[PDB]
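Chains as they are written, first to last, in the authors' numbering: chain A, 200 to 397; chain A', 200 to 397. A prime marks a further copy of an entry chain.
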């Protein structure tokens, strides 16, 4: 209640609490102290953590049943950026521990409690026709970039080449970047097909 | 109220507040302190920021529900200038974080809260027929400068040449400036087409 508030006889006044302003680039990280219901009207459990954003309130006052863990800055990715989220939050709202999620493109989001970037904000691989990527699979994967479907086994190497932008998948590890060798006519190199040795 | 104002018994007078004169080359940056309605008659939210220009008031007095963040000088571009706006304000009034907007020509505007110039005021590329630009794409882009449409892939290089003024696009990165080689008859150079090596 705004204004002059008179304490009662049996109500020890401790301190004033001020709300936290939530800008579009910031969010509030709160851990519940006990079972209660917040302002939006959803029940909580002890130790459970969640985020409060501008879409809820412009300013949020830290409740006694809540704990301020810190302000979470937004993570923004340009069109030339991608990132890997460690332990992404699944449909059930619980972290999928061990797994990873790859986020690409122009996207802005908050790292939900538990989630973490594998290495930070990374830039996608944009390659010309004189450049190429040697990269090996780590699990049997399917990728229908074109109309047809190409399948790879858990150890299959293959080369990505051409004018295109490539973002590494979760099951794909990049081995080596390749550059074409400019050869004039009547010039050449000796290449050994190590699979057969020829 | 202009003139001599007598304070009441319960109204502690603190200080005088003077309005801010808004010239056409200046604007006022205000962050709301709480939910209220300003002089124009639009509601605000805590922490929300906006701009006040000459088209609103010649002079604006800083309200108690508002915070003076600073005077925003105008950004003016000549006909030979262009700039890139980091995090432009979209149709919804919120910053499009990560993206960029390219502004070209004779234009005057104010950097809205959140927006920022990538490198400042830049001059466009004006080229003669003895000059050229080598520049690579970064995303699949379409540009109908002529009647036909030319499409480029994410790694395609191509050369811009001729008497023309060029402003770099958001998806286009300039690689190198080229100059024609003046050759007399019975003179020449050895050029290697690195794509094929011939």
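Beta carbons are placed, not taken as given, at the ideal position from N, Cα and C, and that holds for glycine.
Checklist entry - Are residue 337 (chain A') and residue 259 (chain A) close, meaning C-beta to C-beta below 8 Å? => result For the purposes of this step, residue 337 (chain A') is identified with residue 138 of the second chain, where counting begins at 1. For the purposes of this step, residue 259 (chain A) is identified with residue 60 of the first chain, where counting begins at 1. For residue 337 (chain A') and residue 259 (chain A), no; Cβs fall outside 8 Å.
Next on the checklist: Taking 8 Å as the threshold (beta carbon to beta carbon), is residue 384 (chain A) in contact with chain A'?
Outcome noted: Position 185 of the first chain, counted from the first residue, corresponds to residue 384 (chain A). It does; some Cβ of chain A' falls within 8 Å.
Item to check | Contact check, residue 221 (chain A) vs residue 266 (chain A), beta carbons under 8 Å | outcome: Taking the first chain and counting its residues from 1, the one referred to as residue 221 (chain A) is at position 22. Taking the first chain and counting its residues from 1, the one referred to as residue 266 (chain A) is at position 67. Going by C-beta atoms, residue 221 (chain A) is not nearer than 8 Å to residue 266 (chain A).
Next on the checklist: Between residue 258 (chain A) and chain C, is any beta-carbon pair separated by less than 8 Å?
Outcome noted: Structure shown: chain C not included; protein chains present are A and A'.
Checklist entry - Are the C-beta of residue 267 (chain A) and some C-beta of chain A' separated by less than 8 Å? => result Taking the first residue of the first chain as 1, we reach residue 267 (chain A) at position 68. By this cut-off, residue 267 (chain A) is not an interface position.
Next on the checklist: Which residues does DSSP list as the beta-bridge partners of residue 280 (chain A')?
Outcome noted: Within the second chain, the letter at position 81 stands for residue 280 (chain A'). In DSSP, residue 280 (chain A') forms a bridge with A':322.
Item to check | Selection of the stretch 317-341 of chain A by Cβ proximity to chain A', strictly under 7 Å | outcome: Residues passing the 7 Å Cβ filter: 325, 326, 327, 328, 329.
Checklist entry - Could you check where the beta strand (DSSP E) with residue 203 (chain A') kicks off and where it finishes? => result Within the second chain, residue 203 (chain A') is the residue found at index 4, counting from 1. Annotation for residue 203 (chain A'): no beta strand (DSSP E) segment contains it, and DSSP assigns it neither H nor E.
Next on the checklist: Using the three-state DSSP reduction, which class does residue 257 (chain A') fall into: helix, strand or coil?
Outcome noted: As a first step, residue 257 (chain A') is located in the second chain; it is residue number 58 there, counting from the start. Here residue 257 (chain A') sits in coil by DSSP.
Item to check | 3 or more residues per run - each beta strand (DSSP E) lying fully within the stretch 295-348 of chain A | outcome: List check, beta strand (DSSP E) in window: 299-303, 306-308, 324-326, 330-336, 340-342.
Item to check | 8 Å Cβ cutoff met for residue 281 (chain A') and residue 303 (chain A') | outcome: Here residue 281 (chain A') corresponds to residue number 82 of the second chain, with the count starting at 1. Here residue 303 (chain A') corresponds to residue number 104 of the second chain, with the count starting at 1. Their beta carbons are under 8 Å apart, which means residue 281 (chain A') touches residue 303 (chain A') by this criterion.
Checklist entry - Which whole-angstrom value is the C-beta distance of residue 370 (chain A') and residue 326 (chain A'), which I expect to be below 8 Å? => result Here residue 370 (chain A') refers to the residue found at position 171 when the second chain is read from its first residue. Here residue 326 (chain A') refers to the residue found at position 127 when the second chain is read from its first residue. The C-beta distance from residue 370 (chain A') to residue 326 (chain A') rounds to 20 Å, too long to meet the 8 Å contact threshold.
Item to check | Start and end residues, beta strand (DSSP E) containing residue 240 (chain A) | outcome: As a first step, residue 240 (chain A) must be located in the first chain, where it is residue number 41. Annotation for residue 240 (chain A): no beta strand (DSSP E) segment contains it, and DSSP assigns it neither H nor E.
Item to check | Residue(s) in a DSSP beta bridge with residue 400 (chain A') | outcome: Limits of chain A' in this structure are 200 at one end and 397 at the other, which puts residue 400 (chain A') out of reach.
Next on the checklist: For a contact defined as C-beta to C-beta under 9 Å, what are the partners of residue 355 (chain A') on chain A?
Outcome noted: Within the second chain, the letter at position 156 stands for residue 355 (chain A'). Listed along the chain, the chain A residues whose CB falls inside 9 Å of the CB of residue 355 (chain A') are 327, 328, 362.
Item to check | 8 Å CB neighbourhood of residue 234 (chain A') in its chain, flanking five on each side removed | outcome: Position 35 of the second chain, counted from the start, is the residue given in the question as residue 234 (chain A'). Residues of the same chain with a CB within less than 8 Å of the CB of residue 234 (chain A'), apart from the 5 flanking positions on each side, are 242, 243, 244, 245 in chain order.
Next on the checklist: Give me the chain A' residues within the contact set of residue 381 (chain A), using Cβ-Cβ distance strictly less than 7 Å, ordered along the chain.
Outcome noted: For the purposes of this step, residue 381 (chain A) is taken as residue 182 along the first chain, with counting starting at 1. Identification of chain A' residues near residue 381 (chain A) by a Cβ-Cβ cut-off of 7 Å yields 391, 393, 396, ordered along the chain.
Checklist entry - Is there at least one Cβ from chain A nearer than 8 Å to residue 314 (chain A')'s Cβ? => result Translated into positions along the second chain, residue 314 (chain A') becomes position 115. So, not an interface residue.
Item to check | Assigned exposure category for residue 192 (chain A') - 16 Cβ within 10 Å defines buried | outcome: Any question about residue 192 (chain A') goes unanswered here, given that chain A' covers just 200 to 397.
Next on the checklist: With a threshold of 8 Å between beta-carbons, can residue 294 (chain A') be considered close to chain A, or not?
Outcome noted: Translated into positions along the second chain, residue 294 (chain A') becomes position 95. For residue 294 (chain A'), the answer is yes, since a Cβ of chain A falls inside 8 Å of its Cβ.
Item to check | residue 360 (chain A'), DSSP secondary structure in three states | outcome: On the second chain, position 161 is the one that residue 360 (chain A') refers to. Looking at residue 360 (chain A') - three-state DSSP - the assignment turns out to be strand.
Next on the checklist: In whole angstroms, give me the CA-to-CA distance for residue 342 (chain A) and residue 330 (chain A').
Outcome noted: As a first step, residue 342 (chain A) must be located in the first chain, where it is residue number 143. As a first step, residue 330 (chain A') must be located in the second chain, where it is residue number 131. Rounded to the nearest angstrom, the two C-alpha atoms are 44 Å apart.
Item to check | Per-residue contacts from residue 244 (chain A') into chain A (C-beta, under 7 Å) | outcome: One-based indexing of the second chain puts residue 244 (chain A') at position 45. Residues of chain A passing the Cβ test: 257.
Checklist entry - If the cut is a Cβ gap below 7 Å, which residues of chain A does residue 297 (chain A') touch? => result Counting from one through the second chain, the residue named residue 297 (chain A') turns up at place 98. Near residue 297 (chain A') (Cβ distances below 7 Å), the residues of chain A are 275, 276, 277, 305, 307.
Next on the checklist: Does the CB of residue 352 (chain A') have a neighbour CB from chain A at under 8 Å?
Outcome noted: Translated into positions along the second chain, residue 352 (chain A') becomes position 153. Taking Cβ atoms only, chain A reaches closer than 8 Å to residue 352 (chain A'), which makes this a yes.
Item to check | Any chain A' beta carbon closer than 8 Å to residue 284 (chain A) | outcome: Residue mapping note: residue 284 (chain A) aligns to position 85 of the first chain, counting from 1. It does not; no Cβ of chain A' falls within 8 Å.
Checklist entry - If we cut at 8 Å on Cβ distances, does residue 200 (chain A) have a partner in chain A'? => result To locate residue 200 (chain A), count along the first chain from 1; it is residue 1. With 8 Å as the cut-off, residue 200 (chain A) does not count as an interface residue toward chain A'.
Checklist entry - Any Cβ of chain A' within less than 8 Å of the Cβ of residue 359 (chain A)? => result Within the first chain, the letter at position 160 stands for residue 359 (chain A). Output row for residue 359 (chain A): interface = no.
Item to check | Sheet register partners of residue 378 (chain A) (DSSP bridge) | outcome: In the first chain, residue 378 (chain A) corresponds to position 179, counting from 1. Beta-bridge pairing links residue 378 (chain A) to A:330.
Checklist entry - Is any beta-carbon of chain A' found at less than 8 Å from that of residue 190 (chain A)? => result With chain A covering 200 to 397 only, the question about residue 190 (chain A) has no answer from this structure.
Next on the checklist: Just checking: is the beta-carbon of residue 247 (chain A') within a distance shorter than 8 Å of some beta-carbon in chain A?
Outcome noted: Translated into positions along the second chain, residue 247 (chain A') becomes position 48. Flagged as an interface residue toward chain A: residue 247 (chain A'), by a C-beta distance shorter than 8 Å.
Checklist entry - Sorted by chain position, which residues of the same chain lie with C-beta nearer than 8 Å to residue 365 (chain A)'s C-beta, five sequence neighbours on each side aside? => result Translated into positions along the first chain, residue 365 (chain A) becomes position 166. These residues qualify, in order along the chain: 323, 324, 325, 326, 332, 359.
Checklist entry - Between residue 223 (chain A) and the rest of its own chain, which residues show a CB-CB distance below 6 Å, the 5 nearest in sequence each way excluded? => result As a position in the first chain, residue 223 (chain A) is number 24, starting the count at 1. 253, listed in sequence order.
Checklist entry - Which residues does DSSP pair with residue 365 (chain A') in a beta bridge? => result Stepping through the second chain from its first residue, residue 365 (chain A') is reached at position 166. Beta-bridge pairing links residue 365 (chain A') to A':324.
Checklist entry - Can you tell me the Cα-Cα spacing of residue 305 (chain A) and residue 285 (chain A'), whole angstroms? => result Locating residue 305 (chain A) in the first chain gives position 106, where the first residue counts as 1. Locating residue 285 (chain A') in the second chain gives position 86, where the first residue counts as 1. Put simply, the backbone Cα of residue 305 (chain A) is about 13 Å away from that of residue 285 (chain A').
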